[PDB]
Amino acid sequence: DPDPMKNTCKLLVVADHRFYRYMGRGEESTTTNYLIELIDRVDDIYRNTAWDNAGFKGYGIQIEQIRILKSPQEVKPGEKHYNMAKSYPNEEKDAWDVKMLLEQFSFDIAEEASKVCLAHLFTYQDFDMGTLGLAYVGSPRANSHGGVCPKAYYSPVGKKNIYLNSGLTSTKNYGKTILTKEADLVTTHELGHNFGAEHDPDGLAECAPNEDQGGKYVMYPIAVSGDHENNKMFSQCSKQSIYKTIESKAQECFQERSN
């Protein structure tokens, strides 16, 4: 049975200056509200999911803390930060290499990451080949690094404890803002990774249904559009992975749903 005291993964949500400016129109209230609403809509998907196809449901996400970054992180030569104006490594391209950004983020945000189930970055940059987000995949293993629940690993190079309870979402793609319903999907998918799911096996009928059958599920390896009914749901494949991870990890860092 679910523990009503341990059914909610509380988030740190960060908006960088690219998100603030383009998505939030350079207004704290707009940015803040957009993200509060997005997460609440992603929460409705999670909370309503029955992970064992019976009564293991009511698991969700809520914002512990939001951080809004109004202007770029001023950076010295040879220096880098996830909120810096420059795209790393190629400063000519509009966007970072996504893996490097999540790594930079996890590194820069480490102190705050330690207090939360998950940290999520929201940005506004155009990643190569239509990439929209990235996140560490969670696991039932206590020893595991990645996904739900802060687990320190010492980094000799970074001179500190790091945490891999992190993920990112971008709302820009192919030169334009993506649909609202697409943004819900990216964050659902990336948090899906955090919660223990790998990508759906692409030839498996049950976990990758044909269009007549409702279309693909949200962990499909190629971005679903949101036009089809299955697109915002989790497959049995994802359910099984996430179920195990929640079973193990809820006790560790899940909290009570707040009003």
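Note that the rigid core is defined as the largest set of C-alphas that superpose within 1.5 Å between two forms. Residue positions are given as counts along the sequence shown, with the first one as 1.
Taken in 4 other deposited structures of this protein and fitted on the core, 182 to 190 and 148 to 156 differ in how far their Cα atoms move from the shown form, and the one that moves more is 148 to 156. Across the superposed structures in 4 other deposited structures of this protein, aligned by the core, the stretch whose Cα atoms lie more distant on average is 221 to 229, chosen from 221 to 229 and 191 to 199. For the pair 187 to 195 and 210 to 218, the mean Cα B-factor is higher in 210 to 218. In this crystal structure, the stretch out of 144 to 152 and 84 to 92 whose C-alpha atoms carry the higher mean B factor is 84 to 92. In this entry, the residue among 180, 139, 173, 165 with the greatest C-alpha B factor is 173. Of the candidates 157, 129, 135, 117, the deposited coordinates give 129 the top C-alpha B factor. Placement of the Cα temperature factor of residue 249 within the chain: middle third of the modelled residues, per the deposited record. Per the deposited record, the Cα B-factor of residue 106 falls in the middle third when ranked against the other modelled residues of its chain. For residue 231, the recorded CA temperature factor ranks within the middle third of the chain's modelled residues. In this PDB entry, the Cα temperature factor of residue 169 sits in the bottom third of its chain's modelled residues, the lowest group. Among all modelled residues in its chain, residue 26 ranks in the highest third by Cα B-factor.
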